[PDB]
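**Q** First the structure, then my questions, so here it is.
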Amino acid sequence: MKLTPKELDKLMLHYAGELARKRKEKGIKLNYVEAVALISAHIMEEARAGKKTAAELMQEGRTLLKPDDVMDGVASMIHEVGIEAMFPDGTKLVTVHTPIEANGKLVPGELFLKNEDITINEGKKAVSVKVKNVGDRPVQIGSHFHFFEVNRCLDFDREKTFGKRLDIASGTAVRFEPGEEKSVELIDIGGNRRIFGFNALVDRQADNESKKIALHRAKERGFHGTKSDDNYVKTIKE
Amino acid sequence: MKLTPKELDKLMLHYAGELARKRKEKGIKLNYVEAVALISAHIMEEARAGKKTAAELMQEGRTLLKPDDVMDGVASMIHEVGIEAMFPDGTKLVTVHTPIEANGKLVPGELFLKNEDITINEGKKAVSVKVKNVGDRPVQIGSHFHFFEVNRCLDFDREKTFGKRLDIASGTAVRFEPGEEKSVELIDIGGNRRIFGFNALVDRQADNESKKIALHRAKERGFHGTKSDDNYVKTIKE
Amino acid sequence: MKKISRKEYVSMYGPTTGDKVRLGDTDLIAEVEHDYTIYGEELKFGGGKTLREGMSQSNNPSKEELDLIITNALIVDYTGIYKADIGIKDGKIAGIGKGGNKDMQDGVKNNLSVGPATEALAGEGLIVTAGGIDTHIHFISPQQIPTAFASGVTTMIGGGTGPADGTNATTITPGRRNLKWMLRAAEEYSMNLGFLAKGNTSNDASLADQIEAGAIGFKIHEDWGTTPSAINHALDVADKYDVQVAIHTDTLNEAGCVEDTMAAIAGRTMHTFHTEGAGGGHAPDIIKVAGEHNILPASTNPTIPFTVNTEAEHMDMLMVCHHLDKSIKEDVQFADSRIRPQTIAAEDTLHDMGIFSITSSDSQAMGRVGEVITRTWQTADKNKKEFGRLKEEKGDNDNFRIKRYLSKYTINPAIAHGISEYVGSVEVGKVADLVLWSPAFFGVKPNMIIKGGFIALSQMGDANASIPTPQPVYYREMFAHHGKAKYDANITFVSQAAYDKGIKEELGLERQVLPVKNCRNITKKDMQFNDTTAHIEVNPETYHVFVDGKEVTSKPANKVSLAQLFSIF
Amino acid sequence: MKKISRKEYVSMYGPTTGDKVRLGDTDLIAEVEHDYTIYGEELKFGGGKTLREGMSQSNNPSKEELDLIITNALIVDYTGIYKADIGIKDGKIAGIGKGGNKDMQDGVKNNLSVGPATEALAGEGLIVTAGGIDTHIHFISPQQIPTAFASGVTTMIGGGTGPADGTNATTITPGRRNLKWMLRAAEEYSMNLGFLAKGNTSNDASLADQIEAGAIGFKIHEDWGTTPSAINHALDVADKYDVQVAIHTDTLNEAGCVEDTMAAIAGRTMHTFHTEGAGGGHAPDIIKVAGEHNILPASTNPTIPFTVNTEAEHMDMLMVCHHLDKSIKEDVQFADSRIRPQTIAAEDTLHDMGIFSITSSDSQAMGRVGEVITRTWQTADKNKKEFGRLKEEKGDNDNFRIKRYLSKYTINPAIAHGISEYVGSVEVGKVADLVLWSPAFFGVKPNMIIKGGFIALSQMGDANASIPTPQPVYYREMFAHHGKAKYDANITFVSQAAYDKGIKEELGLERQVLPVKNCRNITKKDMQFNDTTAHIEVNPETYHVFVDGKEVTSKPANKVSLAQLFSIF
Ligand code: NI
Ligand code: NI
Ligand code: NI
Ligand code: NI
C-alpha cells in the first residue's frame with residue numbers, strides 16, 4: 001500500500017466522521033468534534049467520487065447539518081471547516097464557511113462589549129492631503145508607513161506629509177486604485193520620530209533640517225509631488 | 001485487551017479494507033491502495049472465521065475484484081498480496097498471486113525493450129564437459145562457482161575444468177538430479193584469475209603450475225573424475 | 001559466449017542501453033543512455049548467485065572496500081540516465097560503475113571493490129535519484145519533516161519557530177536565541193536542515209549577528225516589511241558573509257513596484273519564492289523577474305499544475321488566511337489582483353521553457369510539503385500532453401525534459417543555497433542521500449530512503465510477518481533514523497562564519513555541521529537545464545504574460561496523473 | 001565569430017584537436033585527441049592579455065579558488081593525450097578542463113576558478129606528464145637524487161645505506177636502525193622516497209619488525225641468498241602486511257632453477273627486477289617469468305635499447321663488478337651464461353609487445369639513474385623504426401605506443417608499489433608531481449618540475465641577468481627545494497603498519513608521511529597498456545626466446561635518438 005503519514009491521518013479522520021454519522025443516525029445531537037469530522041469526511045468522500053468540483057463541495061458542506069442536528073453552542077463554534085481532498089486533478093483545499101446556523105442561545109466565549117467607541121491617536125491633530133495614483137497598478141498603504149515615502153507613482157503634496165502616517169486604525173490600510181483620487185488624514189509620527197528604512201529617504205531624526213534633505217533625495221529619485229527648491233545646498237553628510 | 005503493536009496495525013488494515021469495500025459499494029473504481037487493503041481484510045476475516053484453509057484463501061483472494069472494479073493500471077501494479085492471518089492452528093502467511101486481471105492499456109512503469117538479444121561473456125570460448133551426479137542428493141551450481149571445486153560426488157573430467165566457470169547468465173544455476181547426466185559449457189574465469197575459497201583446492205593464482213597442486217589435492221580428498229599422475233612431486237609450499 | 005533474449009535479461013538485471021521505461025502513470029519515457037556493466041558479469045544477490053565469497057565478493061579486497069553497493073541501478077540524474085552500480089563508503093558516494101571482485105572479473109576499479117565488509121542492496125528494475133531538496137519550508141510543525149521524508153525529500157531549508165503567527169506567514173527564524181532553539185531541536189530529525197534568518201531590518205549589526213549565530217541566509221518577507229532599504233542592507237551583509245537571500249516581495253506596492261525592488265536588488269544574486277505571485281509578490285507583475293540574469297526563480301506547488309479547481313481553491317484560501325470579507329469591495333480588489341489565473345496558466349509553460357528553475361513547497365503556508373516532487377512530475381506530464389515532445393530531445397524519449405524537471409528539485413536548489421558540493425546529485429564524492437523508486441511508482445511513492453549511506457526509511461510490512469512484504473505496508477523508520485546513528489546520517493547546514501566560530505561545539509550539536517558556500521557568484525546561468533533568460537512583459541490590465549514578445553499561456557487540466565491511482569485519500 | 005588560421009592559433013595557444021607533434025628527435029608522433037577549451041576564451045598571461053582582474057581572474061571567485069593554474073597544456077598521460085588547463089590547489093590536482101572566470105566566460109566549473117590567489121604558469125606549446133617513478137634505486141650516493149630529479153623522476157623507491165658493499169649490490173635497507181637512519185636522512189631531499197627492507201631471512205619476526213619500522217616492502221637479492229625458504233617467508237609476511245616484494249633471483253641455480261623459484265612464489269604477487277637477466281637472475285631462462293600472471297616484470301635501462309656496443313660493455317662491466325679473470329675458464333663460463341645477447345635483443349621486442357611492464361634504473365649498480373625515461377623513449381623509437389607502427393593505433397599517430405611506453409615509468413610502477421592513489425598520473429585528486437616538457441626536448445631534458453604543487457626545479461639562466469633565459473642555463477633548485485617548504489612538497493612512503501604506529505612522530509619526520517596500499521591483490525593484468533601474458537620458452541642451448549611458439553628477437557641499433565644531439569657529454 002505504501003501508506004504515507006497523511007494517509008493514516010485521513011483514515012483516522014474518515015472513521016471519526018463515520019462515528020459522527022452513526023451517532024447522528026441514532027438521534028444524538030452532535031457536538032463540536034462530531035460536526036467537524038462529519039463535514040470533513042463527507043467532503044473527502046465526495047472528492048474521491050470525482051463527480052463534483054471544489055466550489056460545489058464548498059457550497060455542499062453547508063447543507064449536511066441542520067441546526068437541530070447539533071448541540072446548543074456548536075454552530076457558533078464552527079466558523080470554518082477546511083479539509084484537503086484529492087480530486088481527479090490533484091489535491092485541493094476545500095473550506096466550508098459557517099456550515100451550521102445558530103438556533104440556540106449558548107455562545108461559548110461570548111463577548112459582552114461596552115457600547116462606547118474607542119478614540120485612537122488621541123491628542124494627534126490630523127491634516128488632510130489629496131492623493132492620486134497616476135500609475136497603472138494598485139497601491140495599498142498601511143497605518144504606520146511613513147507616508148512621505150510611499151510609492152513614487154502616487155502624486156500628492158509630499159512636503160505636507162513629512163514625518164506623518166495615516167490616521168486610521170492600527171493594522172488597517174488605504175487602497176489606491178490606478179487613477180483613483182481621494183483624500184486621507186495624516187497624523188504626526190510619535191515616539192522619538194526616528195525614521196529608518198521605508199525608502200531610505202530620511203534614515204535619521206525627523207525634523208525641519210532633515211526634511212530638506214529628504215525633499216532633495218525624493219526629487220532626485222522621481223517621487224511625484226515633490227517640490228524641493230533648486231540651488232540646493234548640500235550638507236557635510238548626505 | 002493487552003493489544004500488541006501487531007494488533008493495532010491489523011486493526012488499521014481492517015478499517016482501510018472496510019473503507020475500500022464501502023467505496024466499491026458506492027460504485028467507485030478502486031485504486032491500488034484500496035484494492036490491496038480490500039483483499040487483505042477479506043483474507044483476515046476469513047481466517048478468523050476458521051472454516052477455510054490457507055490454500056483455499058490463496059485461491060479465494062483472486063475472485064474478490066473483477067477487472068472492471070478497479071481503475072485502469074491497478075491490475076498490473078498488484079503482483080501479489082501477502083497477509084499474515086491467525087487461523088485456529090496459528091499464524092500463517094497467505095499470499096494471493098495476481099489477484100486482478102488486466103483489462104485496460106495503462107501500465108505504470110511499462111518497459112519498452114529493444115528486440116535485440118544480449119551477448120554475455122563475449123570473447124570467451126566455451127568448452128563442453130559431460131557431468132554425472134553419482135550421489136543420492138541434488139546438486140546445484142551457480143554461474144560464478146569455480147567448477148573445478150564442485151561437490152566431490154559429481155563425476156567429470158576435472159582437469160579440463162580448472163580455472164573455469166559455467167557459461168550461463170550471471171546469477172543463474174545448473175541443477176544435477178541424483179543420477180542425472182548432462183553436458184555443460186565452461187568459460188575461463190576472468191580478471192586476475194585469483195581463486196580463493198570454494199574448497200581450498202587452489203587458494204592462489206590459477207595457472208598450469210597450480211593446476212598440478214590442485215589436481216593432487218583433489219585426488220587426495222576424493223573428488224570424482226580427478227586423475228592426477230602418481231609419483232607426485234611436492235613443492236616447497238603446498 | 002551465449003545469446004540472451006532482451007526480455008529475460010531485463011527481467012533479471014533491469015533495462016539496459018536502448019531500453020525505455022515509463023515513469024509512473026505519466027507519458028514521460030526514459031531511455032537508458034549507457035550501461036557500465038560487462039554482459040555476463042552482473043552482480044546478483046541471493047542463493048547460488050554471484051555476490052558470494054570468492055566470486056563477486058573479494059577474498060582479498062582493496063583497502064577502499066565498500067560499505068554498501070547498489071547493484072544494477074538505473075540512475076536518473078541531471079548528469080544522465082544510465083545503468084551502473086553505486087558504491088557507498090563512509091556516508092559518501094565512493095564510486096559509480098561496474099563493481100565486483102577483481103580476482104574473478106575484468107573491469108573492477110579499486111573504489112568499487114566488494115569485499116566482506118560490503119552490504120548488498122538490489123536495484124535491478126529500480127530507479128535511483130538524488131534526495132529531493134525543499135528550499136521553502138515554513139517550520140510550522142515537526143510533523144512536516146516525516147511527511148516530506150516519505151515523499152523523497154532529504155533536505156529541508158527554511159525558517160520558523162513553530163505554529164507562531166510570524167512563522168505561519170514567513171520562513172524566518174529570527175535572532176540568535178531562536179536560531180539556537182531550532183538548531184538544538186534539529187538533532188531529533190531524519191532530514192538535512194538549514195535555517196534562514198530575518199532579513200527584514202536595516203540594522204547591519206543585527207543582520208550579521210544572525211549569520212554568525214548559524215543561519216545559512218536571509219528571508220525578506222512582506223509581512224515583516226519588504227522595503228528597498230531592508231533589501232539593500234540584507235544583500236550587502238549577505239555579500240560579506242556568502243549566504244543566500246530569499247525574498248517575498250511587496251504585493252501591495254506600498255514602497256514601490258517591481259522595478260523599484262529590482263533597483264534595490266541592484267544586480268545581486270537573489271532567490272525569489274513563488275515568483276508567479278499567487279503566494280505573494282508585486283501585483284500583478286512579479287513574474288517578470290523570472291527572466292533576469294541575477295534572479296533564481298522558484299515556484300510553489302499549489303499553483304502547478306494549473307487545473308480547473310485551482311483558481312477557486314486559491315481564492316477561498318486567500319480569503320481565509322488574510323481574513324478577508326466578500327462584502328468589502330477593497331478585499332475583493334486585493335483578491336482579484338492577487339490570484340490571476342493568467343499568471344498561473346503562464347507558470348506551467350514557463351516551467352516547460354526553463355524560465356522557472358526551482359520547485360518548492362511553501363509548506364502549510366499555501367503549499368503541500370509532501371507534494372513537491374509529485375506536482376513537478378504532474379506539471380511535466382501535463383506539458384508533454386499539451387505541447388508534445390521537446391525539441392531538445394535526442395531520440396524517441398523524453399530524457400531532456402526528464403532532466404529539466406528533475407533539476408528543479410534536486411540540483412538547482414542545492415546550487416541556489418550553496419550546498420551543491422554535498423547533496424543534489426548522484427555523483428562520486430557527494431553525500432549518499434539517495435531515493436529508490438520502482439518505475440511504476442516513480443514520482444509519488446518511493447521504495448526506500450538512504451540517508452548518509454544508511455537506510456533511514458522504507459516501505460515495510462507488519463513486524464510479526466514471516467517476510468517484509470505482507471500487509472499493512474507503510475513507511476516506517478529504519479535504523480539510521482534512531483539512536484546515535486541519526487547523528488551520523490544527518491547534516492545541519494550553517495554559514496561559514498558560524499562554522500568557523502565553532503557553532504557545533506558551542507551549542508553541543510551531535511549532527512554533522514557543514515558550511516554553505518558559493519552563494520553570491522551564481523546567476524540564472526548556473527541552473528542546470530533551466531537557464532533561459534528572456535524579457536517578460538505583463539499587461540497591467542489583462543494580466544497576460546508575454547515572453548520575448550509572444551504570449552505565453554497554458555490550459556487547465558481536468559485530470560492529472562499520479563493523483564487518484566496511487567492514494568487512498 | 002571570426003576565423004583564425006590553424007598556424008597562428010597553434011602559435012598562440014599550442015596544438016589543438018587533430019594536430020600532431022613530434023616527440024623529441026624520435027619518430028613517435030602524438031595526436032591531440034580532445035580539447036577542453038572554448039575557442040575564443042583561452043587563458044593567456046601577459047600585458048594586455050586575458051588573465052587579468054575582472055576578465056579571466058575572477059573578482060568574485062569561488063571558495064575552491066586555485067593556487068596555481070597551467071594554461072593550454074598538452075597532457076600526455078596513460079588516460080589520454082589532450083589539451084586542457086590544470087588547476088592545482090593545496091598540493092593536489094584540483095581540476096582538469098577549461099579554467100577561468102565564471103563572471104565573463106561560459107564553461108567554468110567551481111574547481112577550476114581563477115581568482116586573486118592564483119599563480120599563472122603558461123603551458124602553451126608544452127607537454128605535461130606525471131613525474132617519473134623509479135623503483136630500482138640503489139641508495140649508494142645522495143647525488144643520485146638530484147640527477148634523477150633533473151631527468152623527470154619525482155619518486156625514488158629502493159634501498160641502501162650508502163656506499164657500503166651490501167648497498168653496492170642490493171637495494172636493501174636492513175633493519176630498524178638503518179631504516180631510521182635513511183628515513184631521517186630523507187628529510188634533505190626533493191624527491192618522494194620509500195625504502196625496501198631485507199627479505200633474505202627465514203625469521204618471520206625479523207621480517208615483520210622491518211615493515212613496522214617504516215619499510216614499504218622487501219627486496220630479495222641473491223647476494224644475501226635467494227633461497228625458496230626466504231622467498232616463502234617473505235611473501236607470507238608481505239601478505240600479512242600488504243607490502244610489495246621485489247626479487248633478484250639466483251643466477252647460479254644453487255638452490256634450484258627458475259621453476260623452483262616460481263614454486264616458492266606459489267602464485268603470489270611479485271615484482272621482478274631486470275627480468276631479462278643481464279642484471280642477475282636464473283641463467284639463462286629467468287626471462288620466462290615475464291609471461292606469468294602473478295609477476296610484475298621490470299627491466300633496467302642498461303640493456304635497452306639493444307645496440308652494437310651493448311654486449312661488450314656488459315661483458316666488461318660484469319668482469320669488473322664480480323672481480324672475474326679472463327684466464328679462468330669458470331669465470332668465462334659464468335660470464336657467457338649471464339650476458340646472452342639473445343635475451344637482450346628479445347627484451348626490446350617484449351617491451352614493444354607489452355610483456356615487460358616497468359622500466360627502472362638499477363642505479364650505480366649496472367644502471368643509470370638519469371636515463372630511465374630517455375632509454376624508454378629510445379627503445380620506443382627503435383621499435384617503431386624496426387616493426388613500424390603498432391596495429392593498436394587509431395589514426396596516423398603513435399598514441400597507443402606512446403601510452404604503452406609512458407606507463408612503463410609512470411603508472412605501472414606506482415600500481416606495483418601501492419602508491420597509485422597519490423602519484424603516477426595527471427588525474428584530479430592526485431599529488432601535483434608534474435613535469436613540463438618542450439616537445440623538441442621531450443624525454444631527455446625537461447623544462448621544470450612541479451613538486452607538491454610548487455616549482456622545485458627548473459632550467460634557469462644566471463642570477464645576475466636581466467631575464468631568466470640568458471646563458472649559462474642549467475637546472476637549479478627552486479623555492480620548493482629549500483627551507484621548510486620542502487617538507488610540504490615531499491612525501492615519505494611507509495607501510496600502513498608503521499603509519500598506524502606513528503612512525504612520523506616517533507622519528508620526528510617533517511615530510512608528509514603516507515602509507516602504501518593495495519600491493520598484494522594486483523597481477524600482470526593491472527598494468528596499463530602492458531598486460532600481455534604469454535608462454536615464454538628459452539632454449540637451454542641457443543638461448544633463443546620463443547613467445548607462444550614464435551621466436552622473438554630484435555636487431556641492435558648502431559645509432560639512437562635523444563643521445564648526442566642533446567648532451568655535451
Ligand atoms: Ni512567500
Ligand atoms: Ni512562504
Ligand atoms: Ni638485481
Ligand atoms: Ni639492483
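To be explicit about the labels: the chains of the C-alpha cells are called A, B, and onward in the order shown, and within each one the residues are counted from 1, while ligands get numbers from 1 in the order they are shown.
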Report as a VMD selection string all protein, DNA and RNA residues lying within 8 Å of residue C:343, evaluated on only C-alpha atoms, omitting residues in the same chain fewer than 5 positions from it.
**A** chain C and resid 276 to 277 287 543 to 545 553
**Q** Can you write just those residues out, C-alpha atoms, as an mmCIF file, in the first residue's frame?
**A**
```cif
data_model
loop_
_atom_site.group_PDB
_atom_site.id
_atom_site.type_symbol
_atom_site.label_atom_id
_atom_site.label_comp_id
_atom_site.auth_asym_id
_atom_site.auth_seq_id
_atom_site.Cartn_x
_atom_site.Cartn_y
_atom_site.Cartn_z
ATOM 1 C CA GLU C 276 4.343 33.762 -10.294
ATOM 2 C CA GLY C 277 2.837 35.701 -7.391
ATOM 3 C CA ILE C 287 6.509 37.160 -12.611
ATOM 4 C CA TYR C 543 -2.679 40.333 -16.858
ATOM 5 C CA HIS C 544 -1.449 38.499 -19.957
ATOM 6 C CA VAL C 545 2.161 37.336 -19.985
ATOM 7 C CA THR C 553 -0.274 30.544 -21.602
#
```
**Q** Can you tell me, as a PyMOL selection string, what residues are no more than 9 Å from residue C:225 when counting only C-alpha atoms, ignoring any on the same chain fewer than 5 positions away?
**A** (chain A and resi 198) or (chain C and resi 200-201+220+230+249-250)
**Q** The selected residues should be written to file as an mmCIF file, in the first residue's frame (atoms: N, CA and C atoms).
**A**
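Okay, this is what ended up in again05.cif:
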```cif
data_model
loop_
_atom_site.group_PDB
_atom_site.id
_atom_site.type_symbol
_atom_site.label_atom_id
_atom_site.label_comp_id
_atom_site.auth_asym_id
_atom_site.auth_seq_id
_atom_site.Cartn_x
_atom_site.Cartn_y
_atom_site.Cartn_z
ATOM 1 N N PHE A 198 12.100 52.427 4.799
ATOM 2 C CA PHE A 198 10.913 52.773 4.020
ATOM 3 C C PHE A 198 11.163 53.230 2.590
ATOM 4 N N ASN C 200 14.562 41.277 7.192
ATOM 5 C CA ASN C 200 13.734 42.480 7.215
ATOM 6 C C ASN C 200 14.191 43.403 8.338
ATOM 7 N N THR C 201 15.362 43.989 8.139
ATOM 8 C CA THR C 201 15.842 45.033 9.026
ATOM 9 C C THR C 201 16.847 45.869 8.260
ATOM 10 N N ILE C 220 13.482 37.712 3.206
ATOM 11 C CA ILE C 220 12.821 39.004 3.247
ATOM 12 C C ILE C 220 11.364 38.766 2.900
ATOM 13 N N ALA C 230 15.617 47.641 3.453
ATOM 14 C CA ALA C 230 15.931 46.349 4.050
ATOM 15 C C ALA C 230 16.555 45.406 3.030
ATOM 16 N N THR C 249 8.147 39.470 -2.050
ATOM 17 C CA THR C 249 8.093 40.903 -2.309
ATOM 18 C C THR C 249 6.751 41.504 -1.885
ATOM 19 N N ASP C 250 6.662 42.827 -1.992
ATOM 20 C CA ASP C 250 5.515 43.590 -1.514
ATOM 21 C C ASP C 250 4.371 43.496 -2.517
#
```
**Q** Step one, run DSSP on the backbone; step two, keep only residues of stretch 26-236 of chain C assigned to helix (DSSP H, G or I); then write them as a PyMOL selection string.
**A** chain C and resi 110-112+144-150+165-169+175-188+204-212+222-224+228-236
**Q** So which residues touch stretch 151-153 of chain B within 9 Å, counting only C-alpha atoms, skipping near sequence neighbours fewer than 3 positions away, as JSON, numbers by chain?
**A** {"B": [132, 133, 134, 135, 136, 139, 218, 221, 222, 223, 224, 225]}
**Q** Show me, as number ranges by chain, every residue of chain B with an atom at most 8 Å from chain A, counting only C-alpha atoms.
**A** B: 16, 28, 32-33, 36-37
**Q** For a test of reading the model, state the distance in Å between atom CA of residue B:179 and atom CA of residue B:146, rounded to one decimal.
**A**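 Interatomic distance, atom CA of residue B:179 to atom CA of residue B:146: 21.9 Å.
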**Q** In Å, with one decimal, what is the gap from atom CA of residue D:211 to atom CA of residue C:64?
**A**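 Going from atom CA of residue D:211 over to atom CA of residue C:64 covers 21.3 Å.
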**Q** Check every residue of chain D for an atom within 8 Å of chain C, counting only C-alpha atoms, and provide those that qualify as a list in words.
**A**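 Interface list for chain D against chain C: residues 60, 61, 62, 63, 103, 517, 518 and 521 of chain D.
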**Q** Return the neighbours of chain D among the residues of chain B, cut-off 7 Å, counting only C-alpha atoms, as a VMD selection string.
**A** chain B and resid 192 204 to 205 235 to 237
**Q** For the residues in the current selection, export N, CA, C and O atoms as a compact mmCIF listing (two decimals), in the first residue's frame.
**A**
```txt
# COMPACT_ATOMS: atom_id res chain seq x y z
N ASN B 192 41.87 -11.22 -12.59
CA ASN B 192 43.21 -11.64 -12.22
C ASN B 192 43.35 -13.14 -12.09
O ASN B 192 44.47 -13.62 -11.87
N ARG B 204 45.21 -19.65 -4.62
CA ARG B 204 46.36 -18.95 -5.18
C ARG B 204 46.04 -18.57 -6.62
O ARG B 204 44.91 -18.74 -7.08
N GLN B 205 47.04 -18.03 -7.31
CA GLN B 205 46.92 -17.74 -8.73
C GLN B 205 46.65 -19.01 -9.53
O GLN B 205 47.26 -20.05 -9.29
N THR B 235 56.03 -29.42 -3.89
CA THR B 235 56.77 -28.17 -3.91
C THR B 235 57.05 -27.73 -2.48
O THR B 235 56.59 -28.34 -1.51
N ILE B 236 57.81 -26.64 -2.34
CA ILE B 236 58.16 -26.15 -1.02
C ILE B 236 56.96 -25.58 -0.28
O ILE B 236 56.98 -25.52 0.96
N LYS B 237 55.91 -25.17 -0.98
CA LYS B 237 54.71 -24.62 -0.34
C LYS B 237 53.48 -25.29 -0.93
O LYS B 237 53.14 -25.06 -2.10
```
**Q** Given a cut-off of 12 Å, what residues near ligand 1 show up using only C-alpha atoms and all ligand atoms, put as JSON, numbers by chain?
**A** {"C": [135, 136, 137, 138, 158, 159, 167, 168, 169, 170, 171, 172, 219, 220, 221, 222, 223, 224, 226, 246, 247, 248, 249, 250, 251, 271, 272, 273, 274, 275, 276, 277, 278, 279, 280, 281, 282, 298, 299, 300, 360, 361, 362, 363, 364, 365, 366, 367]}
**Q** Emit the selected residues as a PDB file, in the first residue's frame, including C-alpha atoms.
**A**
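So out_18.pdb came out as:
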```pdb
ATOM      1  CA  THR C 135      14.004  25.290  -0.021  1.00  0.00           C
ATOM      2  CA  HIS C 136      10.716  26.958   1.011  1.00  0.00           C
ATOM      3  CA  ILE C 137       9.886  25.282   4.328  1.00  0.00           C
ATOM      4  CA  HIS C 138       7.772  27.041   6.932  1.00  0.00           C
ATOM      5  CA  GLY C 158      13.566  27.315   5.511  1.00  0.00           C
ATOM      6  CA  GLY C 159      12.738  29.158   8.699  1.00  0.00           C
ATOM      7  CA  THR C 167       6.093  31.516  11.211  1.00  0.00           C
ATOM      8  CA  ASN C 168       2.645  30.795   9.749  1.00  0.00           C
ATOM      9  CA  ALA C 169       3.402  33.673   7.357  1.00  0.00           C
ATOM     10  CA  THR C 170       7.191  33.685   6.976  1.00  0.00           C
ATOM     11  CA  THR C 171      10.092  31.244   6.631  1.00  0.00           C
ATOM     12  CA  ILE C 172      12.030  33.196   9.233  1.00  0.00           C
ATOM     13  CA  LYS C 219      14.382  35.669   4.139  1.00  0.00           C
ATOM     14  CA  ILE C 220      12.821  39.004   3.247  1.00  0.00           C
ATOM     15  CA  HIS C 221       9.057  38.765   3.695  1.00  0.00           C
ATOM     16  CA  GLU C 222       6.484  41.494   3.173  1.00  0.00           C
ATOM     17  CA  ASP C 223       4.789  40.611   6.474  1.00  0.00           C
ATOM     18  CA  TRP C 224       7.916  41.937   8.204  1.00  0.00           C
ATOM     19  CA  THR C 226       9.803  44.251   2.247  1.00  0.00           C
ATOM     20  CA  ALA C 246      15.312  34.795  -0.447  1.00  0.00           C
ATOM     21  CA  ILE C 247      12.574  37.368  -0.968  1.00  0.00           C
ATOM     22  CA  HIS C 248       8.780  37.527  -0.731  1.00  0.00           C
ATOM     23  CA  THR C 249       8.093  40.903  -2.309  1.00  0.00           C
ATOM     24  CA  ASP C 250       5.515  43.590  -1.514  1.00  0.00           C
ATOM     25  CA  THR C 251       2.161  42.638  -3.026  1.00  0.00           C
ATOM     26  CA  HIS C 271      16.266  33.699  -4.838  1.00  0.00           C
ATOM     27  CA  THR C 272      12.606  34.596  -5.403  1.00  0.00           C
ATOM     28  CA  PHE C 273       9.857  32.491  -3.834  1.00  0.00           C
ATOM     29  CA  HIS C 274       6.560  31.842  -5.672  1.00  0.00           C
ATOM     30  CA  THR C 275       7.683  34.093  -8.499  1.00  0.00           C
ATOM     31  CA  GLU C 276       4.343  33.762 -10.294  1.00  0.00           C
ATOM     32  CA  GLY C 277       2.837  35.701  -7.391  1.00  0.00           C
ATOM     33  CA  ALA C 278      -0.172  33.728  -6.143  1.00  0.00           C
ATOM     34  CA  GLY C 279       1.858  33.143  -2.988  1.00  0.00           C
ATOM     35  CA  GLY C 280       2.613  36.852  -2.723  1.00  0.00           C
ATOM     36  CA  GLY C 281       4.508  39.434  -4.710  1.00  0.00           C
ATOM     37  CA  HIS C 282       4.084  42.687  -6.637  1.00  0.00           C
ATOM     38  CA  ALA C 298      11.212  29.340  -7.822  1.00  0.00           C
ATOM     39  CA  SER C 299       7.570  28.306  -7.833  1.00  0.00           C
ATOM     40  CA  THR C 300       5.454  26.753  -5.105  1.00  0.00           C
ATOM     41  CA  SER C 360       9.369  24.190  -3.766  1.00  0.00           C
ATOM     42  CA  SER C 361       6.611  23.777  -1.184  1.00  0.00           C
ATOM     43  CA  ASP C 362       5.657  26.821   0.955  1.00  0.00           C
ATOM     44  CA  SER C 363       4.636  24.195   3.487  1.00  0.00           C
ATOM     45  CA  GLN C 364       1.399  24.745   5.472  1.00  0.00           C
ATOM     46  CA  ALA C 365       1.638  28.342   4.187  1.00  0.00           C
ATOM     47  CA  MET C 366      -0.230  27.703   0.910  1.00  0.00           C
ATOM     48  CA  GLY C 367       1.807  24.707  -0.108  1.00  0.00           C
TER      49      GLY C 367
END
```
**Q** Write out as an MDAnalysis selection string the residues lying within 10 Å of stretch 128-132 of chain C, counting only C-alpha atoms and excluding same-chain residues fewer than 3 positions away.
**A** chainID C and resid 70 73:78 81 83 86 123 135 148:149 151:156 360 372:373 406:411 413:414 423:427 431:439 446 449:451
**Q** Output the selection as a CSV table (one decimal), in the first residue's frame - C-alpha atoms for each residue.
**A**
```csv
chain,number,residue,atom,x,y,z
C,70,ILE,CA,23.6,-0.9,-5.1
C,73,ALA,CA,20.6,0.6,-10.6
C,74,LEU,CA,19.0,2.8,-13.2
C,75,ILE,CA,20.3,6.3,-12.3
C,76,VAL,CA,18.1,9.2,-13.2
C,77,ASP,CA,20.2,12.3,-12.6
C,78,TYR,CA,20.8,15.6,-14.3
C,81,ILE,CA,20.1,8.4,-17.3
C,83,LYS,CA,22.7,1.9,-15.6
C,86,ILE,CA,26.6,2.6,-6.9
C,123,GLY,CA,18.5,-2.2,-7.5
C,135,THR,CA,14.0,25.3,0.0
C,148,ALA,CA,8.5,15.3,3.3
C,149,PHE,CA,10.8,12.4,4.0
C,151,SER,CA,7.9,11.7,-0.5
C,152,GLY,CA,11.6,11.6,-1.4
C,153,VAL,CA,12.9,14.9,0.1
C,154,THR,CA,16.1,14.6,2.1
C,155,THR,CA,17.0,18.3,2.7
C,156,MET,CA,14.7,21.0,4.1
C,360,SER,CA,9.4,24.2,-3.8
C,372,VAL,CA,6.7,19.0,-4.4
C,373,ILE,CA,8.1,16.1,-6.5
C,406,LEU,CA,14.4,16.7,-12.1
C,407,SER,CA,16.8,19.5,-11.8
C,408,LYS,CA,14.1,21.7,-10.4
C,409,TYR,CA,14.0,19.9,-7.0
C,410,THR,CA,17.5,18.3,-6.9
C,411,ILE,CA,20.5,20.2,-8.2
C,413,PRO,CA,18.0,24.4,-5.2
C,414,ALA,CA,21.3,22.9,-4.0
C,423,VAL,CA,23.9,17.0,-2.0
C,424,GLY,CA,21.8,17.4,-5.1
C,425,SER,CA,23.1,14.7,-7.5
C,426,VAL,CA,24.3,11.1,-7.8
C,427,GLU,CA,28.0,11.9,-8.2
C,431,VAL,CA,26.7,12.7,0.4
C,432,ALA,CA,24.8,9.4,-0.1
C,433,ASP,CA,21.3,10.9,0.1
C,434,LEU,CA,19.6,8.5,-2.3
C,435,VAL,CA,16.0,7.5,-3.1
C,436,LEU,CA,15.0,4.2,-4.5
C,437,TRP,CA,12.0,4.2,-6.9
C,438,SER,CA,10.1,1.4,-8.6
C,439,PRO,CA,9.3,2.9,-12.0
C,446,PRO,CA,9.4,5.7,-3.2
C,449,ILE,CA,15.5,6.4,1.5
C,450,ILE,CA,19.2,6.1,2.1
C,451,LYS,CA,20.4,8.8,4.4
```
